[PDB]
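Before any questions on binding or motion, here is one chain by itself as structure tokens, the form solved without this ligand.
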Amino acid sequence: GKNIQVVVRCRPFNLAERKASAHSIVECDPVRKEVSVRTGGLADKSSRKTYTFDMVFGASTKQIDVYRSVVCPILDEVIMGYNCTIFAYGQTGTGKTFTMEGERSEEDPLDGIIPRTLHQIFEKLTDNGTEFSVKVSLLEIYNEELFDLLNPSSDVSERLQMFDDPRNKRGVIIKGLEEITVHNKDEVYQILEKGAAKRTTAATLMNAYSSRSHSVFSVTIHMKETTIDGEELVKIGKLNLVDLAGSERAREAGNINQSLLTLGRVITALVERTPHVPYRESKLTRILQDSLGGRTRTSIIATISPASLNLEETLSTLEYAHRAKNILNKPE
């Protein structure tokens, strides 16, 4: 019960889990906001471990219903001119990218957050008369090094440098980052497309895999609203959509442990109001600082597998989400 929402989304079985003879160990109960996992080793059908969250989504949960519960309330905040962040956390293949982006293959029912938010920003702002402009940026953090995914020319190993700008505190300046003007609703798709192809090339040429790196898609809205006898009103607002690296050579994995672990140290600090927030201690936390501790709405989506095969990773991601906002199991 705070500005920090921690929720869990369990995916359906994949084909590999079915080929492996995996069994369902995850039980999701949306009404009690609980998730339990049968933890039993040999001959133990007794032990189950429960966790309670702000929200629990089962495997049959639709995209649009994750959007309506988690994203709408954050968008309103943004439209009022605030900075907010939504994180997808979890094991590779549990649906981080699916939640954040989705796919096409009205509103395409497989759409994730990113295309859906754009469509609403446009629908809402154009309905209520607001004067506005929409900018998006997409970068990637691999090995504590930033890479612009949207820069049309300059396709290379080219890193971006980050400076702590004297101008504003809490903030940071990334020199050279492409910010693209979004001219209309459906334009997200080709922008996601361009970022994709580039992402692919950085996978093959630098072996930087999207499963090993943080993906930050930023949208900024400039709004001007006026009403007769209504006070002309000027607002900027910012929405950060972060698709994290997998939570599951030796050097760079040590690094991804450090960031997620720091991001978590940060979220725990925000929840507790316990001062001294260690934004400093990783690039990711640094890039996002202005949208985090400065009071705001913040959300974490934790993804999980239903299968016995994934039990260790599933428990870790729930141990993690739970260390982030500790909320107690309730009786009965």
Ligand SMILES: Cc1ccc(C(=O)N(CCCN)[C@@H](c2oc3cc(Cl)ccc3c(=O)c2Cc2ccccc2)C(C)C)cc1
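Sequential numbering from 1, following the sequence displayed. The term rigid core refers to the most C-alpha atoms you can superpose between the two forms while keeping them within 1.5 Å.
Heads up, the form solved in complex with this ligand isn't pictured, but that's what we're talking about next.
Chemist: Heavy atoms within 4.5 Å of this ligand in the deposited bound form: does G102 have any?
Modeler: Yes, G102 sits close enough to this ligand in the deposited bound form that at least one of its heavy atoms falls within 4.5 Å.
Chemist: Should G195 be counted as a contact of this ligand in the deposited bound form, where contact means heavy atoms within 4.5 Å?
Modeler: Contact with this ligand, yes.
Chemist: Given that the partner is absent here, does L239 sit within 4.5 Å of this ligand in the deposited bound form, heavy atoms only?
Modeler: No, no contact at 4.5 Å.
Chemist: At the 4.5 Å heavy atom threshold, is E178 in contact with this ligand in the deposited bound form?
Modeler: No, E178 stays farther than 4.5 Å from this ligand in the deposited bound form.
Chemist: Have a look at 93-101, 157-165, 76-84, 123-131 and name the one stretch with heavy atoms inside 4.5 Å of this ligand in the deposited bound form.
Modeler: Result of the contact check: 93-101.
Chemist: Since exactly one of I141, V71, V188, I221 fits, which has a heavy atom within 4.5 Å of this ligand in the deposited bound form?
Modeler: The option sitting close enough to the partner is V188.
Chemist: Quick check on this chain: which one of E225, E145, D108, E252 has a heavy atom within 4.5 Å of this ligand in the deposited bound form?
Modeler: By the 4.5 Å criterion, the partner-contacting residue is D108.
Chemist: From first to last in sequence, which residues of 72-87 have any non-hydrogen atom within 4.5 angstroms of this ligand in the deposited bound form?
Modeler: Nothing in the stretch sits within 4.5 Å of the partner.
Chemist: If you fit the two forms on their rigid core, which residue out of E272, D44, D29, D65 shows a CA shift of at least 2 Å between this form and the one not shown?
Modeler: After core superposition, the single residue displaced by 2 Å or more is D44.
Chemist: For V234, is the C-alpha shift between this form and the one not shown 2 Å or more after core superposition?
Modeler: Comparing the forms between this form and the one not shown, which are aligned on their rigid core, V234 does not shift its C-alpha by 2 Å or more.
Chemist: Answer yes if the Cα of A208 shifts by 2 angstroms or more between this form and the one not shown on a rigid-core superposition, and no otherwise.
Modeler: Moves: yes, 2 Å or greater.
Chemist: What happens to the Cα distance from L42 to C28 in the deposited bound form: does it get closer or farther than here, with a change of 3 angstroms or more?
Modeler: Distance between the C-alphas of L42 and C28: shorter in the deposited bound form, by 3 Å or more.
Chemist: Shorter or longer C-alpha distance for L149 and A208 in the deposited bound form, given it differs from this form by 3 Å or more?
Modeler: Residues separate in the deposited bound form, at least 3 Å farther apart.
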